[PDB]
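Undergrad: One file is attached below, input_38.tsv, containing TSV, C-alpha atoms and all ligand atoms.
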```
chain	number	residue	atom	x	y	z
Q	351	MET	CA	13.21	15.53	-15.62
Q	352	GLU	CA	15.56	13.99	-18.29
Q	353	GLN	CA	17.45	12.07	-15.53
Q	354	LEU	CA	14.15	10.54	-14.24
Q	355	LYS	CA	13.60	9.15	-17.81
Q	356	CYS	CA	17.15	7.66	-17.48
Q	357	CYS	CA	15.85	5.99	-14.29
Q	358	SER	CA	13.02	4.26	-16.27
Q	359	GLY	CA	15.77	2.86	-18.57
Q	360	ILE	CA	17.80	1.66	-15.53
Q	361	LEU	CA	14.75	-0.35	-14.30
Q	362	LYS	CA	14.08	-1.81	-17.80
Q	363	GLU	CA	17.70	-3.10	-17.81
Q	364	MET	CA	17.52	-4.52	-14.27
Q	365	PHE	CA	14.20	-6.34	-15.17
Q	366	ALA	CA	15.57	-7.67	-18.54
Q	367	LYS	CA	15.93	-11.39	-19.38
Q	368	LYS	CA	19.79	-11.06	-19.58
Q	369	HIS	CA	19.93	-10.44	-15.78
Q	370	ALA	CA	16.95	-12.63	-14.62
Q	371	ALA	CA	19.19	-15.44	-13.28
Q	372	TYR	CA	20.40	-13.14	-10.44
Q	373	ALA	CA	17.83	-10.28	-10.39
Q	374	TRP	CA	14.72	-12.42	-9.68
Q	375	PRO	CA	14.95	-12.37	-5.76
Q	376	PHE	CA	14.76	-8.51	-5.99
Q	377	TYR	CA	11.71	-8.22	-8.28
Q	378	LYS	CA	9.10	-8.07	-5.49
Q	379	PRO	CA	9.06	-7.37	-1.70
Q	380	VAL	CA	10.70	-10.06	0.49
Q	381	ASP	CA	7.77	-12.38	1.46
Q	382	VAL	CA	8.72	-12.93	5.13
Q	383	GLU	CA	5.74	-15.32	5.74
Q	384	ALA	CA	6.40	-17.60	2.72
Q	385	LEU	CA	10.20	-17.59	3.31
Q	386	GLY	CA	10.09	-18.01	7.10
Q	387	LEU	CA	12.30	-14.92	7.62
Q	388	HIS	CA	10.51	-13.94	10.84
Q	389	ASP	CA	13.54	-11.90	12.08
Q	390	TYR	CA	13.68	-9.81	8.81
Q	391	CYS	CA	11.72	-6.80	10.15
Q	392	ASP	CA	13.90	-6.76	13.35
Q	393	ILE	CA	17.02	-6.17	11.18
Q	394	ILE	CA	15.56	-4.31	8.11
Q	395	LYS	CA	13.83	-1.05	9.00
Q	396	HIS	CA	13.05	0.02	5.40
Q	397	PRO	CA	12.43	-2.91	2.98
Q	398	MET	CA	12.82	-2.07	-0.74
Q	399	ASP	CA	12.48	-4.04	-4.01
Q	400	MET	CA	12.41	-3.34	-7.78
Q	401	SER	CA	8.57	-3.40	-8.17
Q	402	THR	CA	8.19	-0.88	-5.30
Q	403	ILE	CA	10.86	1.40	-6.89
Q	404	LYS	CA	9.06	1.13	-10.29
Q	405	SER	CA	5.75	2.11	-8.61
Q	406	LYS	CA	7.46	5.04	-6.76
Q	407	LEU	CA	9.07	6.29	-10.02
Q	408	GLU	CA	5.72	6.14	-11.94
Q	409	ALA	CA	3.95	7.94	-9.00
Q	410	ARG	CA	6.60	10.79	-9.13
Q	411	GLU	CA	7.96	9.97	-5.61
Q	412	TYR	CA	11.55	10.72	-6.68
Q	413	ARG	CA	12.56	14.38	-7.14
Q	414	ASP	CA	15.74	13.42	-9.02
Q	415	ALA	CA	18.04	10.52	-10.04
Q	416	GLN	CA	19.88	10.68	-6.67
Q	417	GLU	CA	16.59	9.91	-4.78
Q	418	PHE	CA	15.90	7.01	-7.20
Q	419	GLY	CA	19.52	5.78	-6.77
Q	420	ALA	CA	19.19	5.86	-2.94
Q	421	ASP	CA	16.22	3.39	-3.08
Q	422	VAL	CA	18.13	1.05	-5.45
Q	423	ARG	CA	21.14	1.12	-3.08
Q	424	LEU	CA	18.84	0.68	-0.04
Q	425	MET	CA	17.57	-2.59	-1.68
Q	426	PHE	CA	21.20	-3.86	-2.01
Q	427	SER	CA	22.24	-2.65	1.48
Q	428	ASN	CA	19.22	-4.52	3.02
Q	429	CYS	CA	20.47	-7.71	1.37
Q	430	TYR	CA	24.08	-7.15	2.59
Q	431	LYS	CA	22.90	-6.32	6.13
Q	432	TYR	CA	20.44	-9.20	6.65
Q	433	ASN	CA	22.16	-12.22	5.04
Q	434	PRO	CA	25.46	-13.99	5.93
Q	435	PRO	CA	28.20	-12.77	3.47
Q	436	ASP	CA	28.54	-16.24	1.88
Q	437	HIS	CA	24.79	-16.51	1.07
Q	438	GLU	CA	23.85	-17.16	-2.62
Q	439	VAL	CA	21.50	-14.10	-2.52
Q	440	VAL	CA	24.43	-11.74	-1.57
Q	441	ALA	CA	26.43	-12.87	-4.65
Q	442	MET	CA	23.24	-12.26	-6.75
Q	443	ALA	CA	22.82	-8.75	-5.22
Q	444	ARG	CA	26.46	-7.95	-6.15
Q	445	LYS	CA	25.95	-9.04	-9.80
Q	446	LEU	CA	22.76	-6.89	-10.01
Q	447	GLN	CA	24.53	-3.93	-8.33
Q	448	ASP	CA	27.26	-4.23	-11.08
Q	449	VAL	CA	24.54	-3.72	-13.77
Q	450	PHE	CA	22.98	-0.81	-11.86
Q	451	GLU	CA	26.29	1.03	-11.02
Q	452	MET	CA	27.60	0.88	-14.62
Q	453	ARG	CA	24.32	2.35	-16.01
Q	454	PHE	CA	23.81	4.93	-13.21
Q	455	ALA	CA	27.43	6.20	-13.84
Q	456	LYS	CA	26.40	7.07	-17.48
Q	457	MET	CA	24.11	9.90	-16.27
I	501	LIG	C1	16.33	-9.94	-1.12
I	501	LIG	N1	16.27	-11.30	-0.60
I	501	LIG	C2	15.47	-12.20	-1.29
I	501	LIG	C3	15.30	-13.49	-0.94
I	501	LIG	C4	16.02	-13.88	0.21
I	501	LIG	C5	16.14	-15.15	0.81
I	501	LIG	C6	16.99	-14.98	1.89
I	501	LIG	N2	17.35	-13.66	1.95
I	501	LIG	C7	16.79	-12.98	0.91
I	501	LIG	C8	16.96	-11.60	0.57
I	501	LIG	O1	17.67	-10.82	1.21
I	501	LIG	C9	15.52	-16.39	0.31
I	501	LIG	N3	15.56	-16.55	-1.15
I	501	LIG	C10	16.87	-16.37	-1.81
I	501	LIG	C11	16.87	-16.79	-3.24
I	501	LIG	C12	17.26	-18.19	-3.58
I	501	LIG	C13	18.20	-17.05	-3.87
I	501	LIG	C14	14.52	-15.77	-1.75
I	501	LIG	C15	13.59	-16.51	-2.45
I	501	LIG	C16	12.51	-15.93	-3.08
I	501	LIG	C17	12.35	-14.56	-3.02
I	501	LIG	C18	11.21	-13.88	-3.72
I	501	LIG	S1	9.83	-13.67	-2.61
I	501	LIG	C19	8.79	-12.54	-3.50
I	501	LIG	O2	9.18	-14.96	-2.57
I	501	LIG	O3	10.31	-12.97	-1.43
I	501	LIG	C20	13.28	-13.82	-2.33
I	501	LIG	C21	14.38	-14.38	-1.69
```
Take the structure from the file and write it as C-alpha cells.

TA:
Amino acid sequence: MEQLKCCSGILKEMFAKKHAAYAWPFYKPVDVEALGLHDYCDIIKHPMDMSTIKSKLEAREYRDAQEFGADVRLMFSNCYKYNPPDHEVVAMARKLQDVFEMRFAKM
C-alpha cells in the first residue's frame, strides 16, 4: 500500500534528530525493572513504543494507515493514562503527538 509507505516516512520523522529532545522516552519499550515502575502493567494493558511499531510495520502487521495510526495513538494514550498530567514525560508525549498528527493529516 502507498499509505503504508507514508507510515515509514512518519516513523523516520518521529525518530529524527530534530525531535530527539522529546521523542527519546518513546524509542523503546518502557523498561519497568530499570525505572522501578512496578505498577505499570497494572494500569497499561497494551504497552507500545516506536521500535515495536517500526518492527510491526516491517513485518506487515498493519493492514492500512489507520491500523498503524492506532498503535501510535495507543503509545501516547498509555503515557497520558499512566503518568500524572504535570509529569515532564506527558509534555514530551504532547510535543511528539504534534509532529505525528500534522504528518498523519497529510495522507
Ligand atoms: C513512555 N514513558 C517513558 C518513560 C517514563 C518514565 C515515567 N513514565 C514514563 C512513560 O510513560 C520515566 N522516564 C521519563 C523520562 C525522563 C523523561 C523514562 C526514562 C527512560 C525511558 C526509556 S527506557 C527504554 O529506559 O524505558 C523511558 C521513560

Undergrad: Using all atoms listed in the file, find each protein or nucleic acid residue lying at most 9 Å from ligand LIG 501 (chain I); present the set as a PDB file with C-alpha atoms, in the coordinates of the input.

TA:
```
ATOM      1  CA  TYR Q 372      20.400 -13.140 -10.440  1.00  0.00           C
ATOM      2  CA  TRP Q 374      14.720 -12.420  -9.680  1.00  0.00           C
ATOM      3  CA  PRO Q 375      14.950 -12.370  -5.760  1.00  0.00           C
ATOM      4  CA  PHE Q 376      14.760  -8.510  -5.990  1.00  0.00           C
ATOM      5  CA  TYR Q 377      11.710  -8.220  -8.280  1.00  0.00           C
ATOM      6  CA  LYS Q 378       9.100  -8.070  -5.490  1.00  0.00           C
ATOM      7  CA  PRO Q 379       9.060  -7.370  -1.700  1.00  0.00           C
ATOM      8  CA  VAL Q 380      10.700 -10.060   0.490  1.00  0.00           C
ATOM      9  CA  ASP Q 381       7.770 -12.380   1.460  1.00  0.00           C
ATOM     10  CA  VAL Q 382       8.720 -12.930   5.130  1.00  0.00           C
ATOM     11  CA  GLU Q 383       5.740 -15.320   5.740  1.00  0.00           C
ATOM     12  CA  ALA Q 384       6.400 -17.600   2.720  1.00  0.00           C
ATOM     13  CA  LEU Q 385      10.200 -17.590   3.310  1.00  0.00           C
ATOM     14  CA  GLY Q 386      10.090 -18.010   7.100  1.00  0.00           C
ATOM     15  CA  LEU Q 387      12.300 -14.920   7.620  1.00  0.00           C
ATOM     16  CA  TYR Q 390      13.680  -9.810   8.810  1.00  0.00           C
ATOM     17  CA  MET Q 398      12.820  -2.070  -0.740  1.00  0.00           C
ATOM     18  CA  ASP Q 399      12.480  -4.040  -4.010  1.00  0.00           C
ATOM     19  CA  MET Q 425      17.570  -2.590  -1.680  1.00  0.00           C
ATOM     20  CA  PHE Q 426      21.200  -3.860  -2.010  1.00  0.00           C
ATOM     21  CA  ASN Q 428      19.220  -4.520   3.020  1.00  0.00           C
ATOM     22  CA  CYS Q 429      20.470  -7.710   1.370  1.00  0.00           C
ATOM     23  CA  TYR Q 430      24.080  -7.150   2.590  1.00  0.00           C
ATOM     24  CA  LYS Q 431      22.900  -6.320   6.130  1.00  0.00           C
ATOM     25  CA  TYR Q 432      20.440  -9.200   6.650  1.00  0.00           C
ATOM     26  CA  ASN Q 433      22.160 -12.220   5.040  1.00  0.00           C
ATOM     27  CA  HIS Q 437      24.790 -16.510   1.070  1.00  0.00           C
ATOM     28  CA  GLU Q 438      23.850 -17.160  -2.620  1.00  0.00           C
ATOM     29  CA  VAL Q 439      21.500 -14.100  -2.520  1.00  0.00           C
ATOM     30  CA  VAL Q 440      24.430 -11.740  -1.570  1.00  0.00           C
ATOM     31  CA  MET Q 442      23.240 -12.260  -6.750  1.00  0.00           C
ATOM     32  CA  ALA Q 443      22.820  -8.750  -5.220  1.00  0.00           C
TER      33      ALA Q 443
END
```

Undergrad: Taking all atoms listed in the file into account, name the residue in Q:366, Q:357, Q:373, Q:351 that is nearest to residue Q:445.

TA: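 The shortest atom-to-atom distance to residue Q:445 comes from Q:373.
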
Undergrad: Could you tell me which of Q:412, Q:424, Q:392, Q:401 comes closest to residue Q:364 if we count only C-alpha atoms?

TA: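 Nearest to residue Q:364: Q:401.
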
Undergrad: For atom CA of residue Q:407 and atom CA of residue Q:359, determine how far apart the two atoms are, in Å to one decimal place.

TA: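 Distance between the two atoms: 11.4 Å.
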
Undergrad: What is the atom CA of residue Q:411 to atom CA of residue Q:370 distance in Å?

TA: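 These two atoms are separated by 25.9 Å.
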
Undergrad: So how far away is atom CA of residue Q:434 from atom CA of residue Q:454, in Å?

TA: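 It comes out at 27.0 Å.
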
Undergrad: Which residues are near residue Q:403? Cut-off 9 Å, all atoms listed in the file, ignore same chain within fewer than 3 positions. Put them as JSON, numbers by chain.

TA: {"Q": [361, 398, 399, 400, 406, 407, 408, 418, 421, 422]}

Undergrad: Just checking: using only C-alpha atoms, which residue out of Q:363, Q:410, Q:446, Q:427 ends up closest to residue Q:395?

TA: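 Going through Q:363, Q:410, Q:446, Q:427 one by one, the smallest distance to residue Q:395 is for Q:427.
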
Undergrad: Return the single residue from Q:436, Q:371, Q:414, Q:409 that is closest to residue Q:457, with distances computed using only C-alpha atoms.

TA: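 Ranked by minimum distance to residue Q:457, first place goes to Q:414.
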
Undergrad: From the set Q:358, Q:420, Q:352, Q:369, which residue has the shortest atom-to-atom contact distance to residue Q:448, counting only C-alpha atoms?

TA: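 Closest residue, counting only C-alpha atoms: Q:369.
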